[PDB]
Each structure stands twice: as structure tokens, then as C-alpha cells.
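Descriptive analysis of the structure
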Amino acid sequence: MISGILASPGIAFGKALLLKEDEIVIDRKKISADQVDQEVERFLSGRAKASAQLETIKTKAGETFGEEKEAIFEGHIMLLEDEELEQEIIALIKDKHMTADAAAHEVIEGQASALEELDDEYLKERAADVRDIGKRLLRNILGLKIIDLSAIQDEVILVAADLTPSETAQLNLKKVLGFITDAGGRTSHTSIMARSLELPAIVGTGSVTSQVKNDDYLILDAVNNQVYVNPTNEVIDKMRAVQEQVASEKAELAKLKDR
């Protein structure tokens with residue numbers, strides 16, 4: 001029924017884990033020069049904690065995937081610590097009387113769009129990854145709670161509209177049975193996890209997030225390029241017997257020493 005882009009072959013059974021996030025709202029109220037000083041404290045000080053949180057996550061990406069991926073995350077921190085970009089954010093708040101949350105969004109609006117003008121797979125992806133850095137900063141300035149996705153205790157299927165490199169770097173690969181999100185797929189970061197880990201995965205879910213609720217029973221086939229939602233027990237019993245026989249055949253390919 002739902003056919004995605006099929007990233008890795010395999011079959012898994014598990015409950016649906018739906019991740020819900022609170023939307024970020026920007027305040028468009030214009031402040032006067034009297035409150036501008038207060039915004040610098042929230043931004044200057046918030047920058048203090050943001051650098052720390054991002055700095056800790058950088059090690060997780062290096063300890064999870066190795067120094068090969070740590071270099072990419074290290075570059076993101078440099079953008080935030082660029083003394084040039086910092087001066088621009090400050091100037092907008094004092095020159096255009098904008099809030100710290102609003103001023104920061106304007107700089108990120110062009111840094112991200114500008115990278116899209118490049119025709120390189122790395123520079124283009126940096127455009128999407130850089131946008132994520134701005135959203136994270138906004139959540140810190142407003143004191144929004146952070147969801148700790150690495151606190152999962154039950155192995156289930158992970159379902160989400162999309163995951164950003166930072167969230168994927170801190171994800172626990174041993175507690176997730178597979179990844180199923182509505183992400184493009186061609187050279188997508190999610191596909192990289194699947195290709196490196198060879199675990200079954202799908203990304204072209206399209207709008208499954210709007211049709212699945214937490215606790216739904218879903219079967220990932222990763223074979224016929226389709227997912228079953230709310231299957232009847234009659235079908236599950238038929239697939240459990242025949243589907244498991246398929247697993248035994250796959251073991252013969254790994255046992256090349258018996259031929």
C-alpha cells in the first residue's frame with residue numbers, strides 16, 4: 001500500500017513510535033532601544049550554553065560514527081563561532097531594533113539559501129544542516145525543553161517526518177529496530193546510516209506521520225517495497241510462517257563455506 005524508496009532489504013516487526021515536536025513561534029513585536037540591551041544578554045549568554053550543548057553533541061557524532069563524521073559537525077560549530085556572523089546578528093538587533101530570536105532567523109535565512117546556490121552535494125547539504133543550527137539556537141533562547149531521544153528503553157520502529165544529522169548522531173543504534181521517515185533519499189543523511197549499518201530502512205514514506213499514531217502495530221517488509229498498517233491477525237499468522245522461512249534462505253548466502 002505505502003511504497004517508499006526502499007533503502008535496505010530486510011523484515012522487522014514492532015510498535016509504531018510517533019515523535020511529536022512543538023512548533024517554534026517567533027515573536028514579531030518590535031522592541032525599543034530600552035529593551036535592546038536585554039536581548040544581547042539573552043543572546044550573548046544563550047550563546048554560552050548553545051556552544052556547550054553543540055560542543056558535547058560533536059563528540060557523540062565522533063564516538064558513534066568515528067572521526068570521519070566528527071569533522072563535518074566541527075565545521076558547523078565554526079559557523080556559530082564565526083566572529084563575522086556574530087557581528088551581523090548583533091547589528092540587526094541594534095540597527096533594525098529586532099528581537100534576538102527574530103534577528104538570528106534573518107541571518108540564517110540567507111546563509112542557508114546561499115548554500116543552495118552551490119551545485120555541490122556537500123555544500124548543498126550544508127544548506128539544510130545549517131538551517132537546523134538556527135532552529136536549535138531559537139529553542140535555547142526561549143528555554144524550550146529538549147527531547148532526549150536517546151532515552152528509549154523498548155526496541156520499536158522509529159517513525160518521524162525527518163531527522164537532522166545532530167539528532168541522528170545522538171540516536172541510539174542498538175535500541176532502534178529500523179528507521180522509517182519521510183525524507184528524500186538520494187544522498188540523504190538518513191540513507192547514510194542505513195547504508196553503513198545495512199539495517200532495513202525506508203525514507204519515501206511521504207505522509208505516514210499523518211496516518212500513524214503511537215502504539216500502532218506496523219510490519220516493515222523492506223522486500224516488496226511496502227509497509228502494512230493495522231494488519232489483521234489472520235495475515236500476520238500467514239506471514240510469520242512463510243516470511244520466517246525466507247530468513248532461513250538468507251542464512252545460506254552467509255554460509256558460503258558449506259557449498
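Residues numbered from 1 in each chain as written, not as in the entry; some residues may be left out. Heavy atoms only, no water.

Judging from the entry metadata, solution NMR is the method by which this structure was determined.

**Observations regarding the environment of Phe179**
Heads up, the rule is: Where helices and strands are cited, they refer to DSSP runs of H or I of at least four residues and of E of at least two residues respectively, numbered from the N terminus. Contact criterion: two residues are considered in contact whenever any of their non-hydrogen atoms come within 4.5 Å of each other.
Tracing the sequence through the fold places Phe179 in strand β3 (residues 176-181). Along the sequence, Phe179 and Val156 sit 23 residues apart, while their C-alpha atoms lie 9.8 Å from each other. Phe179 has contacts with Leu158, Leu171, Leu173, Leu197, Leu199, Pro200, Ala201 and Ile202, leaving out every residue within four places of it along the chain.

**Description of a negative patch on the surface**
The cut-off we apply is this: Here, patches come from residues exposed beyond 30% relative accessible area and free of salt bridges, joined within 9 Å for like charges and within 5 Å for nonpolar side chains (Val, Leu, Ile, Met, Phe, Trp, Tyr). Areas reported as accessible are Shrake-Rupley estimates using a 1.4 Å probe. Residue values count occlusion only from the protein chains shown. By definition, a salt bridge exists where a carboxyl oxygen of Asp or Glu is found within 4 Å of a side-chain nitrogen of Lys or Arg. Positive charges are assigned to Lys and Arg, negative charges to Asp and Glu, while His and the chain termini are left out of the count. Note that the charge is assigned to NZ on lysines, CZ on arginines, CG on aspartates and CD on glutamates. Relative accessibility thresholds used throughout: buried, under 20% of the residue-type maximum; exposed, over 50%; partly exposed, between the two (1.4 Å probe, protein chains only).
A cluster of acidic side chains, namely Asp119, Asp120, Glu121 and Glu125, defines a negative patch on the protein surface. With respect to the element layout, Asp119 can be found in the loop between α4 (100-116) and α5 (121-141). For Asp119, a relative accessible area of 75% translates into the label exposed.

**Here we look at the layout of surface pockets**
We apply this condition: Here a cavity is any set of points on a 1 Å grid over the protein atoms alone where a 1.4 Å probe fits but cannot get out, and a pocket is any open set with protein on both sides within 12 Å along at least 5 of 7 lines; a residue lines the site when it has an atom within 4 Å of a point. Grid points are joined across faces, edges and corners, and a volume is the space filled by probe spheres set on the points. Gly falls in the polar group here, along with every residue not listed as nonpolar (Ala, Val, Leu, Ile, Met, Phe, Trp, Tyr, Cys, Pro) or charged (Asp, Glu, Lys, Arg).
In this structure, the second largest pocket encloses a volume near 190 Å³. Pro9, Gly10, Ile11, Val223, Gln243, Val246, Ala247 and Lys250 are the residues that line the second largest pocket. Across the lining of the second largest pocket, the residue classes break down as 5 nonpolar, 2 polar and 1 charged.

**Comments concerning the pairing of strand β5 (residues 217-220)**
When a strand is regular, its side chains alternate between the sheet's two faces. Our working rule: Pairing between two strands requires that DSSP report at least two bridges joining them.
Of the pairings in the sheet, the one linking strand β1 (residues 12-18) to β5 comprises 4 bridges and is antiparallel in character. By the bridge assignment, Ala12 is partnered in β5 with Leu220. Of the strand pairs in this sheet, β5 and strand β6 (residues 227-229) are connected by 3 bridges, and their pairing is antiparallel. Counterpart to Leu218 in the pairing with β6 is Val229. From the end of β5 to the start of β6, which pair antiparallel, there are 6 residues, and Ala222 there has a positive phi angle of about 40 degrees.

**Overview of unusual backbone geometry**
Located in the positive-phi region is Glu198, a residue other than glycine, with phi close to 55 degrees. Take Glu198: it is sitting in the loop between α7 (189-197) and β4 (201-202). In this structure, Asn230 is a non-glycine residue whose phi angle is positive, near 50 degrees. In this structure, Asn230 sits in the loop between β6 and α8 (233-254). On the accessibility criterion, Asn230 (64% relative accessible area) is exposed.

**Thoughts on the sheet that holds β4**
Under the convention used in this document: Axis angles are defined between N-to-C directions and span 0 to 180 degrees, where every axis is a line fitted to C-alpha atoms and, for a helix, only to the segment in contact.
With mixed pairing, 6 strands are arranged side by side in an open sheet as β4-β3-β2-β1-β5-β6. In this open sheet, the two edge strands, each paired with only one partner strand, are β4 and β6. As defined by bridge partners, β3 adjoins β4 across 2 bridges and the pair is classed as parallel. Across the sheet, residue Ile180 finds its bridge partner in β4, namely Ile202. Each of β1, β5 and β6 touches α8; the most contacted strand, β5, lies at about 30 degrees to it.

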